[PDB]
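One chain comes next, on its own, written as structure tokens: the form deposited in one PDB entry.
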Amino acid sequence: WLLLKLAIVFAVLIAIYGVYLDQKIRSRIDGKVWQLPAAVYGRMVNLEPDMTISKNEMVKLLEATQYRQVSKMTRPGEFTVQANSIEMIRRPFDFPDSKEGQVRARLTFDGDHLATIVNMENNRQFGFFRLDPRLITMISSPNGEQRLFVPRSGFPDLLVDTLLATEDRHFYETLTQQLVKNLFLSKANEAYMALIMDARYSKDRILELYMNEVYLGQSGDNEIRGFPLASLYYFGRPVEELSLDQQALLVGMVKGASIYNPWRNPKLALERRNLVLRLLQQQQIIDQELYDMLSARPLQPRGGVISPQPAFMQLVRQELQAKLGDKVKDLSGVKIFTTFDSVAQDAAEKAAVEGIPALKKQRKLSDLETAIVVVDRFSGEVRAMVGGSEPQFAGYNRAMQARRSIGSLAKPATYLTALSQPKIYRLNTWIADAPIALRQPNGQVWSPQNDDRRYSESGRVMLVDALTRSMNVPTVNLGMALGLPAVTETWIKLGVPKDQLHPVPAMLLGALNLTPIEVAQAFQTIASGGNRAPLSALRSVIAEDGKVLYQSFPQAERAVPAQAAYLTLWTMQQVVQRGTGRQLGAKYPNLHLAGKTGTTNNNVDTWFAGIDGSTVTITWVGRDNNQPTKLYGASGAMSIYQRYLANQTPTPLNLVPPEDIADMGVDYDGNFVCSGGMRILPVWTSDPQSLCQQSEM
């Protein structure tokens, strides 16, 4: 017999093929298994005793951070609402500062402020309590396969059993065969690889690799793979927080994700979900005492979840390039922590989605558009970005790309340049309000007019009223007295791009084309108290091994004096209370908002700059075809800001006067009085006996 002898070498030749496969499995598994895309997270909110936040504001903040309201808590990422407190189970999160687990706390409130945050385990108060950030999106991997790596513990025991019942009973050496099918191949070859895989790597590793590989959905040209990313994609909570009905649907989609897609066909997807529920009940785990309760819950955010936050993600990407260059991207398992505010965004999106079609019908238009930028008053951190009236599905971001004439938003700069000189210009400084005729290099006569084409009876107005009422004629006169290079110098210090400044008399009235983000920088500089803080979207960039690649730091710069900024901010409160913006100040008088309206020529662009206790908000309302809006600054843009304020809880603006601020009294003539006077104006002076020098006449 030369049958065995010749075919003995067949066992040898296939065994050496197995040693070749073992060498290949180790090359992949003992190291890089996948190119894990960059995880993009929102702001990490730290709660504190005596912090200004209400019970309702906390529910809205919890709900925005993927937390669920329940009557009785069991799972993490859940909360209960009481008459004066909130009980929650803060989900486990690998924070860059320190990795944390499950923390069950009670948040006791006293109306407007947070009294205590007590651990429900030991009954002890917290010095500060960390709220985990919400996962915004994932930056597209070139491979086209999107995942979120989660270890063995991260998957609950119920889900492992839900998967075991529909697929395998591990105790041999199909689960390890399916792994090698998705992980390596395009039947005999996979069964041979599974023999090696099971023998070398322990059971725990097999189900860890499988639960992060399996195909579960599709978004454009990106594969939604593995149970952890699928959980957030289909419902909106981590894999650990799933209910059994949701686990059954995720488990059911494994053998055919495309036909069990609830977005396309819900009937077949619901039918397959009940099939998983009817498979589990047959086994020792479940009884028909709740099968009809799980099968009764029909499922989902019903959106495509393709490009989450396209307006804000443009800036994130642009800043990742500015700080880390070209890689970044080579690295796998990157964690990006942004300045993004889920509360401010939903409110800004709702103000855009509802406000615009309401202004389109009201004014009888066909193509009105908008742009909203929300930044932190002091730090300059970009909290929210709205690129248009349709912020969900966007291709054009009007917050970073739409360069438009700013209009009357250019007025504070002139007054800030004047109020920078306390020895000359004060709030009671009389500005001429009489006809203007300025000959230019043409030589055509430039005769700017006031909005009503009227001039003051006495032929003058005080500085304070000129900005409050957004008067053009006194603005030019003041701006021409300081000189255009001085006013152009203020703008550079405010943070606006240098190449956009054209020093011509028209600049004082709005001949400055900026994007809402560039406008947000100029208003932030004055709102912080004169400190120019460069606007940012990146807080930190962390690697897989917890290595800090990028870490942002406070880099604020003193641009304009503190007292000049305060005097401008105080006058900006007068525009919101009595001036052009008085329609807002009547709706919210207890917010003491500092603001400025903007209306370009022929109602082409409508602008509003709103300053609360915590944020600087730039709202722009206009048409993409540069056509009339039949809208003003107070209407349109400001009515979108009022909607943004009504959609959330705004912080009231309490202006803390800095050094050398003295509230002085003036008479009808505008002269400082020792005691009394019909008007009280703040003055940048260290010795109020500026009245004595004035009263002596």
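By rigid core we mean the largest C-alpha set that fits within 1.5 Å across both forms. Numbering starts at 1 and follows the sequence shown.
In what follows, reference is made to the form deposited in another entry, a form of this protein that is not presented.
**Student:** Could you check which of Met73, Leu209, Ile286, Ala511 shows a C-alpha shift of 2 Å or more between this form and the one not shown after a rigid core superposition?
**Tutor:** Comparing both forms, the shifted residue turns out to be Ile286.
**Student:** Quick check: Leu36 between this form and the one not shown - does its CA shift reach 2 Å or more after fitting the rigid core?
**Tutor:** For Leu36, whose C-alpha is compared between this form and the one not shown after core superposition, the shift is less than 2 Å.
**Student:** Once the two forms are fit on the core, has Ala634 moved its CA by at least 2 Å between this form and the one not shown?
**Tutor:** For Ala634, whose C-alpha is compared between this form and the one not shown after core superposition, the shift is 2 Å or more.
**Student:** Any idea whether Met293 and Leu62 get closer or farther by CA distance in the other form, knowing it moves 3 angstroms or more?
**Tutor:** Relative to the shown form, the pair is closer.
**Student:** Out of closer and farther, which fits the Cα atoms of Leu280 and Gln246 in the other form compared with this form, where the change is 3 Å or more?
**Tutor:** Farther: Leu280 and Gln246 separate by 3 Å or more in the other form.
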